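Asker: When you get a sec, could you give me coordinates for this:
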Amino acid sequence: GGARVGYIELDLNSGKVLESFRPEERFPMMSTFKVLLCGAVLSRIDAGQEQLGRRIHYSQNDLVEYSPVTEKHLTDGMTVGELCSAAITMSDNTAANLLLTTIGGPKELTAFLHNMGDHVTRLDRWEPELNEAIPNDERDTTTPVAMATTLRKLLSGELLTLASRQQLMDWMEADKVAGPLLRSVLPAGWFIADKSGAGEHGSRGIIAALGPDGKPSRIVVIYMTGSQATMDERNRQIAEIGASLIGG
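Answerer: Numbers count the residues shown, from 1 in each chain. The relevant structure is shown in the block below.
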């Protein structure tokens, strides 16, 4: 439906690319960036520059649209760990902004990425503006291969400590708001750890570590933008691309 689609699948062990389509074209990251964000936070924790338990007190004025978890803790605040859980598992937008604030914002997330060897992925804006997805706008974009390689480094490389690696995987495993995507076509008993995104201009995307027997063995990154299709159809389209990668 006019969609520009890009995807890649990696073997998690070897890092070998198994299949790709437009892997080096830029797509709006949308909420998929929230995994990289918590990656940067976990890296700071590893370095002793941040604590998982540090409580962040925020006010009504910090709340942006779609903050299902953060809107419930204006009185007592939330820990860095809780915010990352909210950002990843619920796609909480205020949580994402609060975490960006802790690391120094989008430029620092981008710097984090640069420093781990990702010179492609860039965050420029905050929630909700980063979801604008203006055609050919390079702000807040990644490529399928850059995202997949970065996800793989975060989840299986020695970039994060064992504890942080597993914490990041655990948050993604607990994703609550990606049901109509890869989860809808996954065989029973399969492990999936994912993060989805939706943006303007018919943009939709998902990043995932997944595999049979309750263990991940594959990285899958799928982005689309420019789609004329309804949300249900966009969901099915990603799901179908995913089912093809998992199957074939």
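
Asker: How much space separates the nearest residue to residue 125 once chain neighbours are set aside from residue 105?
Answerer: Spatially, and ignoring its direct neighbours in sequence, residue 125 is nearest to residue 140 (5.6 Å; Cβ to Cβ, 6 or more residues apart in numbering). All C-beta spots, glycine's among them, are computed from the backbone N, C-alpha and C. Residue 140 sits 13 Å away from residue 105, taking Cβ to Cβ, to the nearest Å as the criterion.

Asker: Those two: which is more packed in?
Answerer: Each of residue 140 and residue 105 has its neighbours counted (other Cβ atoms under 10 Å); residue 140 has more, 26 against 16.

Asker: which SS class is the residue located most distally from the centre of the chain?
Answerer: What lies farthest from the middle of the chain is residue 75; by Cα atoms, centre = their mean that is 28.2 Å. Assigned with DSSP: H, G, I helix; E, B strand; the rest coil, residue 75 falls in the coil class.

Asker: can you give me phi and psi for it?
Answerer: phi -80, psi -40 (degrees, to the nearest 10).

Asker: Check residue 18 too.
Answerer: phi -100, psi -30.

Asker: isn't it right up against residue 148?
Answerer: No: in this structure, residue 18 is not within contact of residue 148 by Cβ atoms under 8 Å, at 10.5 Å.

Asker: what about those two, which has more around it?
Answerer: Neighbour count, other Cβ under 10 Å: between residue 18 and residue 148, residue 148 has more, with 27 against 14.

Asker: Figure out the helix or strand that that one lives in.
Answerer: helix 144-156 (DSSP states H and E).

Asker: and what of residue 98?
Answerer: Taking DSSP H and E as the definition, residue 98 sits inside helix 93-103.

Asker: List the buried residues in that helix.
Answerer: 93-100, 102-103 (16 or more other Cβ atoms under 10 Å).

Asker: Residue 27: which of those residues is nearest?
Answerer: residue 96 (18.3 Å; Cβ to Cβ).

Asker: Show me what the helix holding residue 98 is packed against.
Answerer: Where contact means 3 or more Cβ pairs under 8 Å, 6 or more residues apart in numbering; DSSP states H and E, helix 93-103 is packed against helix 33-46, helix 80-89, helix 106-115.

Asker: who touches the residue nearest the centre of the chain in this structure?
Answerer: Of all residues in the chain, the one closest to the mean position by Cα atoms, centre = their mean is residue 32, 2.5 Å from it. If a contact means Cβ atoms under 8 Å, 6 or more residues apart in numbering, then residue 32 has 142, 147, 195-197, 205-207, 223 as its contacts.

Asker: still on that earlier bit, got TSV for the buried residues of helix 93-103, with distance to residue 53 too?
Answerer: Listed next are the buried residues of helix 93-103 as TSV, based on distance: Cβ to Cβ, whole Å:
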residue	distance to residue 53
93	23
94	19
95	16
96	19
97	20
98	15
99	14
100	19
102	13
103	17
